[PDB]
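Data block below; observations after.
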Amino acid sequence: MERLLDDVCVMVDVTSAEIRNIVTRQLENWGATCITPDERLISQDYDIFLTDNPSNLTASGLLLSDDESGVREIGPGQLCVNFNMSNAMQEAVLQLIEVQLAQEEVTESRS
C-alpha cells in the first residue's frame, strides 16, 4: 500500500477523453506524472507508457482495455489492462517497470 510510481513520469495517451481522466486519477494516486506524447513527435522521454486501445500504442507499453476485467499479456511489450480494477493496473505497473529495467533496449529488429 504505497505510491508505486512515487515520482515516475508516465506518458499516458488515451484517445477516450473520459477514460484518460479516470486513469489519470489512478496514476496520480500512485505518484505518476501523466505527460502527453508531445504534439508532432512520434514519442517523447518517459519511464512508463500508457495508452487507450491497441491501435494507439506507438511501440510498447500498457494498453487500457475497457473490455478487460484484469491484466493480460498479448505479446512482448503489449499488455491489456483494465482501468476499473486498480489492483490489476498495479500488477501491470510493477511488471512494466521491471521488464523495462531488465530489457531497456533489445535491437531484435534485424535488417
Which numbered condition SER55 fails, given (1) closer than 19 Å to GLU73 by Cβ; (2) free of Cβ contacts under 8 Å to residues at least 12 places away in the same chain; (3) of a type outside the set (D, E, K, R); (4) not in a helix (DSSP H, G or I): (4)
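Assess whether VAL106 counts as being surrounded by fewer than 17 Cβ atoms within 10 Å (Cβ to Cβ) and either part of a loop (DSSP other than H, G, I, E, B) or touching a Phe, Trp or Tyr at 6+ places or on another chain (Cβ under 7 Å) (or both).
Values: surrounded by fewer than 17 Cβ atoms within 10 Å (Cβ to Cβ): yes; either part of a loop (DSSP other than H, G, I, E, B) or touching a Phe, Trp or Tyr at 6+ places or on another chain (Cβ under 7 Å) (or both): yes.
So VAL106 passes the test.
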Pull up the range 61-89, narrow it to residues that are touching a residue at least 60 places away in the same chain (Cβ under 8 Å) and within 24 Å of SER43 (Cα to Cα), then point me to the one that is surrounded by the most Cβ atoms within 10 Å (Cβ to Cβ). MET89
Determine the pairs where a residue that is under 16 Å from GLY61 (Cα atoms), located within the range 8-32, has a partner that is basic (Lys, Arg) with Cβ atoms under 9 Å apart, the partner being 6 or more residues away or on another chain. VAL12/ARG20; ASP13/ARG20; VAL14/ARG20; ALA32/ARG3
Which ones in the range 1-46 are closer than 19 Å to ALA88 by Cα, in contact with a strand residue (DSSP E or B) (Cβ under 9 Å, 6 or more places away or on another chain) and in a loop (DSSP other than H, G, I, E, B)? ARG3, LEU4, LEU5, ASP6, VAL14, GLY31
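Do we have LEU94 as in a helix (DSSP H, G or I) and loosely packed, with under 15 Cβ neighbours inside 10 Å here?
On the way: in a helix (DSSP H, G or I): yes; loosely packed, with under 15 Cβ neighbours inside 10 Å: yes.
Judged against the criteria, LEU94 is a match.
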Need the failing condition index for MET1 against (1) without any contact (Cβ under 8 Å) to a residue 12 or more places away in the chain; (2) surrounded by 16 or more Cβ atoms within 10 Å (Cβ to Cβ), just the number. (2)
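Every read-out reported here was derived from the displayed coordinates using simple, explicitly stated rules and does not represent laboratory data. All Cβ positions, even for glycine, are placed from backbone atoms using ideal geometry, and neighbour counts span all protein chains on display.
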